[PDB]
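Only one chain comes next, encoded as structure tokens, the form deposited in one PDB entry.
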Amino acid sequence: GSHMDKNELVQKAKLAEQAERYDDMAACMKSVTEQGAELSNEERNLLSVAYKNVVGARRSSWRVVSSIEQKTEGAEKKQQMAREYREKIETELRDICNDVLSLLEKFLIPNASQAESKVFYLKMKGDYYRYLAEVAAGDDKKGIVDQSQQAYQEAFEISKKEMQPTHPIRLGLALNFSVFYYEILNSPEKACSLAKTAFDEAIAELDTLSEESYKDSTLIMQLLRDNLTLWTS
């Protein structure tokens, strides 16, 4: 009401980024978001990046430890040691995902004015439930995986009607929705199906591309391409 300076938070969030201190950066944007004000494209970018870094570092640590755990199964204490370290990391992963999901469902998504940013948050929602999914105990895994799917799906509809096939975010949605299908629902089928499509529909309008993102669209289109054959191969 007078206790928060939403503008200084953004500067500080921007300062934490330069300093490569993303936990701090994420802490500032979470706080900017809770002020209830619909985010500007720069702020949305600052939020996405911060949390991308914060959650991403853990997802990468998890994988490394998730491996060492297996490839060191023979022994007990050792493997057993790696298992606890992994659980320590999953607790961190969850706290991060519950927070982004909470901001996403209570502040961002409901106040998305434009369709472009609505799809973007819906996509984030899909990504973060997916992160919870990758580390959920079989019992809760079903419900979670479903949260992800329906979030991506809802973003996929909105995009398939308000956004051009070449728009970076729509393409980005297809990129991760397709990954969700290959890595989560372990369905190389539905996967490839979506990644190839979204790619053609982009090509069909390669001229609809703009210098405003011709470098971004194709960039993601290369990732869609790379993954695509990476699976067929």
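Residues that one form lacks are left out of the comparison. In this text, rigid core is short for the largest set of C-alphas that superpose within 1.5 Å between two forms. Numbers follow the displayed sequence, beginning with 1.
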**Report entry** Unmodelled in at least a third of other entries of this protein, residue 103
**Finding:** no
Query - Entries skipping residue 133: at least a third of other ones - result: no
Report summary line: The stretch whose C-alpha atoms carry the larger average B-factor in the entry, 150-158 or 96-104, is 150-158
Query - 181-189 versus 168-176 - which carries the larger mean C-alpha B factor in the record - result: 181-189
Query raised in the report: If you compare 75, 135, 144, 119, which has the highest Cα B-factor in the entry?
Result: 75
Query raised in the report: Highest Cα B-factor in the PDB entry belongs to which of 45, 53, 31, 67?
Result: 67
Report summary line: Split the chain's modelled residues into thirds by Cα B-factor; residue 71 lands in the highest
Query raised in the report: How does residue 198 rank on Cα B-factor within its chain, lowest, middle or highest third?
Result: highest
**Report entry** Cα B factor band for residue 208 (lowest, middle or highest third within the chain)
**Finding:** highest
Requested in this report: Could you look up the Cα B-factor of residue 87 in the entry and say which third of the chain it sits in: lowest, middle or highest?
Outcome: middle
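Note that the form deposited in another entry isn't included here; everything after this is about it.
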Query raised in the report: Core fitted between this form and the one not shown: which of 208, 197, 53, 61 shows a C-alpha shift of 2 angstroms or more?
Result: 208
Report summary line: Distance flag for residue 196 and residue 211 (Cα, change 3 Å or more) in the other entry: the two residues are closer
Query raised in the report: residue 171 and residue 209: do their C-alpha atoms lie closer or farther in the other entry than in the form you see, with a change of 3 Å or more?
Result: farther
Report summary line: Superposed on the core, the stretches of at least three consecutive shared residues with every Cα displaced by 2 Å or more between this form and the one not shown, in sequence order, are 5-8, 207-214
